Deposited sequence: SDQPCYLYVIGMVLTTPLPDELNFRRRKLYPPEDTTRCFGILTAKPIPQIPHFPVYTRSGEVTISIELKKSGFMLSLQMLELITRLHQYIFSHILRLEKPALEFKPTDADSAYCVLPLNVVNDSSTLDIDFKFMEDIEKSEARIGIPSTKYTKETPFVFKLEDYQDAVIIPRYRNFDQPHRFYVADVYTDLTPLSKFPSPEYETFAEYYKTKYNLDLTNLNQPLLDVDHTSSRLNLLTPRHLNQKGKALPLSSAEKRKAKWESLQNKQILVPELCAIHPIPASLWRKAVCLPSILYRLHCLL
């Protein structure tokens, strides 16, 4: 069985021009990170011209490039990749797609699978490690247990602490809000707080980067969602880093282009 291994090139050719960025938000170039995604096929791919996807950070050019050709490796490895492809499309999102990393040539990511398979308290308190949350996706443990919500860590607010003033009038402090509503007590009252961002699955080929009722309401919801400030002790860190996650959310748009 002949195999063909493609890499999905992501390079930011047109960053926000810095006139267009009024708010001077951080830019997240895809080329700054070595971990990417590839497509695995049986029959090769009919050459596709390179195309843009429009993200918050700018115009990102997608190039489908052939990294390796003609090989094949076992069956169990062929079967394992499928579990990652599912994981990407079922658990992360909602012929084969797999993670790659640098060795200056590219191979299948060795550190991907065991973060997840690494994931199978307390009286002495939660400890805040700044390097944990640097590139991170966090989920709140205290709500939405069915389908947990996930956020990028946008900022670490260092002057803020769980005893800082809660933004809404009904509560004095974050400590109080979480105690009152969720019955949660914090073991660490000196920890900073986290700013978040969220995007997930939409179409990136055009630039939203006449609304109905159901959509005008999600506009407000998404808006408030991004203004949320979260508590690190009350949040779990997702194994897949935010940097790889940002590449992952372009996959539906990119795979759409290859089909059409």
(Q) Let me make sure I understand the coverage. Which parts of the deposited sequence, in order from the N-terminal end, have no C-alpha coordinates here? (A) 1 to 2, 97 to 112, 122 to 124, 142 to 151, 241 to 249, 301 to 302
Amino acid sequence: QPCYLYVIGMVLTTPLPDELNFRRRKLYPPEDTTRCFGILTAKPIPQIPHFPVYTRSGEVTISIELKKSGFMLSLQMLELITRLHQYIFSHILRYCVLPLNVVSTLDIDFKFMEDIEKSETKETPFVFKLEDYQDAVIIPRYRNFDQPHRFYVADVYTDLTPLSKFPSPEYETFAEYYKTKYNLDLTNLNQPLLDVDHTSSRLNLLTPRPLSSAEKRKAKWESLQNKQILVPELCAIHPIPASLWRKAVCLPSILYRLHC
From here on, numbers count along this sequence of modelled residues.
Q: Taking the mean of the C-alpha B-factors per stretch from the entry, tell me the winner out of 106 to 114 and 165 to 173.
A: 106 to 114
Q.
Please compare 186 to 194 with 71 to 79 and name the stretch with the higher mean C-alpha B-factor in the deposited structure.
A. 71 to 79
Q.
I'd like to know which of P208, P232, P30, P52 has the highest C-alpha temperature factor in the PDB entry.
A. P208
**Q.** Given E65, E215, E59, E222, the residue at which the Cα B factor reaches its maximum
**A.** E65
Q) Taking the C-alpha B-factors as the PDB entry records them, is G9 in the lowest, middle or highest third of its chain? A) lowest
Q) What third of its chain's C-alpha B-factors does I240 belong to: lowest, middle or highest? A) middle
Q.
Among the modelled residues of this chain, does the Cα B factor of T180 put it in the lowest, middle or highest third?
A. lowest
Q. Which third of the chain does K247 land in by C-alpha B-factor: lowest, middle or highest?
A. middle
Q) Taking the entry's C-alpha B-factors for this chain, is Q134 in the lowest, middle or highest third? A) middle
